[PDB]
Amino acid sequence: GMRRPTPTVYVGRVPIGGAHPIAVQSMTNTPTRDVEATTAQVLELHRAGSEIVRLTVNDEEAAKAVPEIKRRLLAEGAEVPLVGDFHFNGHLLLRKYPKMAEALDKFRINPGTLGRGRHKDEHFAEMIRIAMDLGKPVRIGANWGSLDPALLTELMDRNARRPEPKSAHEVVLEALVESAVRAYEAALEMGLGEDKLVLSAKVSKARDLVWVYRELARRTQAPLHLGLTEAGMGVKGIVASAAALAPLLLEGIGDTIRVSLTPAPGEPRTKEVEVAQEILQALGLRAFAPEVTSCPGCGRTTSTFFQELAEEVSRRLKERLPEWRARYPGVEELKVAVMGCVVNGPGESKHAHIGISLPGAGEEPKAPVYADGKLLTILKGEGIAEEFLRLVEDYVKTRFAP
């Protein structure tokens, strides 16, 4: 499909923009002052597949901790770029702690959390000046939870002058886009390079996000950071995130993504990285790991045996991945089918790299295996699972041989 062309912005060693794979990022939830906790969580997130990690730089204690966090990450060869999240006092922290400024790989600015009235433009310029001095890229990140009140008022008035005014909600979305686009144009006029600017403008409802990002994509040339903000907890958060991003990503809009889930108490922060990966992979945009295609099962197959086989295949693939990723470049693209009966079993299996079709009700007790679209063997008896996994291993060795 189409991918929107953009200049390349390097965030540390990671390039983002239309010429590069869409990058997965995340954000810590440890207090940034706590150097031990924050370093450990940055590493955890990076190991799960966060190519870029953001951390809040909220107060002086946080700022003073950043250089030590960066130092520890580098000591273990962990080249993970760090993004500093600034609100209200970004200009003061970057001025007062130049070592923190230099240790970050990117600054995030929010045009609605710069200061009130006259403070705004001066605080903005000071942060942009510092980024230009140190050669750092910046994300200008608008969020409708912190929308600039004076800009909203300006656009509400323009709207009230229209022959047919739009709803309050539509004007809020207009204002959000305008906040980002105006600050983008200001930073460029100040001399920040096109290769140093990423944009976002996040809302918490899927259909609104699609409208906003279509506007941003039309009105600017910058790489876009895409996310549904405040997506929430559990299945609701996951579904909403996937639903909001998909229409945009299929249209070629978006260069980096973050999934904004509320973790359940005791649930790992890495869940959001796993979801981000699954969105990109489901849309054919990146490949992170082999995936199992399996039917829901119905009354045509025995539910327990089928469900346990599919689960067993999935678990084994996950167990082998670290090894396979090292020996068999390209293996991330592998598609394995596990199907419940003859209705769609063979056909789906033939569309996979390798697939097995169980015998359902009414059929003789044997399971055909297909690979590269043709019959490979027919399994029977116990250890169907072990025999199929051995076939998958052998197929991987042969196809993804260096």
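Basically, rigid core = biggest C-alpha set you can superpose within 1.5 Å across the two forms. Note that residue numbering follows the sequence shown and begins at 1.
The rigid core fit leaves 295-303 as the farther-lying stretch in 7 other deposited structures of this protein, judged by Cα positions and set against 295-303 and 102-110. Higher average CA B factor: 125-133, of the stretches 236-244 and 125-133. Set 3-11 against 393-401 and average the Cα temperature factors; 393-401 ends up higher. As recorded in the entry, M190 carries the highest CA temperature factor of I279, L261, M190, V181. When the Cα B-factors of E319, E230, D208, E274 are read from the PDB record, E319 comes out highest.
Per the deposited record, the Cα B-factor of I378 falls in the middle third when ranked against the other modelled residues of its chain. In this PDB entry, the Cα temperature factor of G49 sits in the middle third of its chain's modelled residues. When all modelled residues of the chain are sorted by CA temperature factor, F107 is found within the lowest third. When the modelled residues of the chain are ordered by their C-alpha B factor, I22 lands in the lowest third. In the deposited entry, the Cα temperature factor of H351 places it in the middle third of its chain's modelled residues.
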